[PDB]
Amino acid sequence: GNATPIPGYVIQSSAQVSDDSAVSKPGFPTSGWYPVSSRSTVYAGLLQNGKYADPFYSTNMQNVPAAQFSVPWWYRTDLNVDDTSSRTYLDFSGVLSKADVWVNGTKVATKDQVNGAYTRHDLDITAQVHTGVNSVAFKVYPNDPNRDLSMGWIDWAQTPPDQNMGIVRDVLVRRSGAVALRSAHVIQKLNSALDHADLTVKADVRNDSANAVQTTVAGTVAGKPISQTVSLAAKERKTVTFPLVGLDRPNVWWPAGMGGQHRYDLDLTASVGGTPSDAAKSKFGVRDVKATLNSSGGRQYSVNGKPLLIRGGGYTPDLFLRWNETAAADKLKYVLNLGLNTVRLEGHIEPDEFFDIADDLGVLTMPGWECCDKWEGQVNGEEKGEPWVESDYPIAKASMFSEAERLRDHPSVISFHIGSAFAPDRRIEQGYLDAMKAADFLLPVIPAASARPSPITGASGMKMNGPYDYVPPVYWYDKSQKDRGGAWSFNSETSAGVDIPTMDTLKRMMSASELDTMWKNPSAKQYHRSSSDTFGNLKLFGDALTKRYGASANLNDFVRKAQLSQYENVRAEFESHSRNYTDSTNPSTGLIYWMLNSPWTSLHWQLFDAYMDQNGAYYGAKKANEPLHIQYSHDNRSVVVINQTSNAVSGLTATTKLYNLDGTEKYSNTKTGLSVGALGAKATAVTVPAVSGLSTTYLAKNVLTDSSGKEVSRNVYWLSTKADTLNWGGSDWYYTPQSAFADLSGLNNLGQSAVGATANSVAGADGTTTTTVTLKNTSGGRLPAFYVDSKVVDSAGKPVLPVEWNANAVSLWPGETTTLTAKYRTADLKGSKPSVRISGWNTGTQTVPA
């Protein structure tokens, strides 16, 4: 019943190994080999040892010779075996791209068999294993994402020098008797009332001994005892199906905010001769999911019978696939701190623990294959990725079986994308559907994340029309352009491009001269944007920032304007889709922001940066996604209330006020007695009229109060009397140019205000600290304290990260007070007392003790 991951390896280039057979012989010398932990790419292993500077800074990654990664590298380990009575197996996946496998001088598997990142291998090495010191070695071949059914980085970042070659999941050493237990899972089916489920337990037993046996498979499913006895011929594998098990009042799994995140346990042992031979423990959730096309042709998800608007981001692992379990949890927790409900994984499908965490937190996941490389090479024409040859087909199908077997019992998974870009052809699709059936993977299959249909499954119900680069806030409210990215159908991957991180992050990833070029010449190429020619620079972003904000006087000026622009755009992107969700015709049914995060330190396509810091894009997404939310429509000036929560809400008041930048109120409307339905429904409070006398740049202050009088949402917009307008005829695949630009440059001369700050911290018994900050606009005039950003810092003024605030980037009118709460691990203070840095657009910067 043992399965123990190999904790580490020593690695070296095959340039240093003239005899392959020598490596896995006990006693082979490994002087100058690099010790690496489990789940290391070659380059990640070299970084672990010294060997190159931080690729997260400047052009360090460019200085790595890539030629050394065009030959195989060895991953070698010893294994102590005290007792060879039990059979021994190597059970693994995550090999990029393929490998020969050696035990004690014998090649047990070749790169023709061990091939493809997602394929699982269960190699019986019993005949090679002896008592005492054994040795195992993998010769890992170079990875080319265009040639290998593997992982590549598309245009998200820059290419890792080793192209991620290595072993990026665990290799398990399994020990068992005559019978191996494998692939234990639970088929679960809930009634529509959600008060009764039926559980079908299935498990494979394989008799690897020389003689026929009887084996009993027995244990517990969801607290209920189960047992089957089968006969097995020598070398026979069988799937055991247990009689149906009913479960009353099941603890149903819900997405975060809709109920609990319970998972039941499955615990089985296969016994031979009244003695345990092998054992397996797993979990599953009792949850129904569906994803169907609505009458308008949009893909509509529902969980447990409740339709949902998908509100998420494209998730990526680290650029060098460096795995850390706490980091994965910190990233999924930020999803909820954002108010988001979903992450999409375009390829790069994370180890099991990532899905365990998403299960435990109630974050929905959308895994699938990626575009623009080998996966779509048979159907994607002139795009990157090679045509398929006959040997490709069984690798892809085994990759599908393996991932379907891994993912089937994680309730967070709401679908699998079998295509991205292009839907698979009939042959490929059939092999994917066959593999999923064989795995009992019963979740929705989506053919493409674009509008392209597959021959069997059919219409995707999704769109990939862009944009991926600057478009003004009003763009997102478009429904008229059927080949563009407005708020209708399922937006599977879209953003307004550039997302300048915080200054603290900037100073860690770029030199002073790289930063100087960034603000002085946005048209210049930035290594920390993209290898793509199209996304190599920040020109569209820089042009609109100047036009709309005003020319940047310095680096500080550029970064501050970037944050407002990013907050403004990301907010409108999400808010437009929340609004249109309940449209009768062509509703929005999903939005995946491109992207949630970056593989590395980046200037684009992120909400949170590589260090987990939180900028304007972060705060703007968090504002748009709050559970009871008030918002302003950029297209028609409607003020709209959204209720994300699982219950209808009544007696809400929506209060909207316009102010000139001198603080003069120019309009007020108070709309009382609003009711809004659950799970994404809306109510319109008012349409703001054209108001005479507004400054060119003006403020809209929107406030939602419940029936108790509590303020539950505040949303402040900086607006212009001059419209952003689109030149739709100049549209390209990744953006639409503007025919005219809003004028928000009035903010440059917004007069100074004042805050107003007191902070205190409590170190909890759960290992976390909560810092509470009370901020007040203490000025003596009519000016708001606008866009006030509070940051937990140590004594050196460095941000404590990760961190989760209840609210931030707040605006307060004179005399107004807000109390804010930040939570973080006490240990991330690293012994420092906490302080709070408070910076506002028109309030300066101060830091206070906490």
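Just count from 1 along the sequence shown to find any residue number.
In this entry, 235-243 shows the higher mean Cα temperature factor of the pair 319-327 and 235-243. Judged by mean Cα B factor in the deposited record, 435-443 ranks above the other of 256-264 and 435-443. The maximum CA B-factor among the listed residues 114, 194, 592, 230, taken from the PDB record, is found at 230. Each of 450, 110, 569, 480 has a CA temperature factor in the record; the biggest one is found at 480. Looking at the C-alpha B-factors along this chain, the one for residue 54 belongs to the middle third. When the CA B factors of the chain's modelled residues are split into thirds, the value for residue 824 lands in the middle one. Ranked within its chain, residue 388 lands in the highest third, by CA B factor from the PDB record. In the deposited entry, the Cα temperature factor of residue 787 places it in the middle third of its chain's modelled residues. Ranked by Cα temperature factor within the chain, residue 68 sits in the middle third according to the deposited record.
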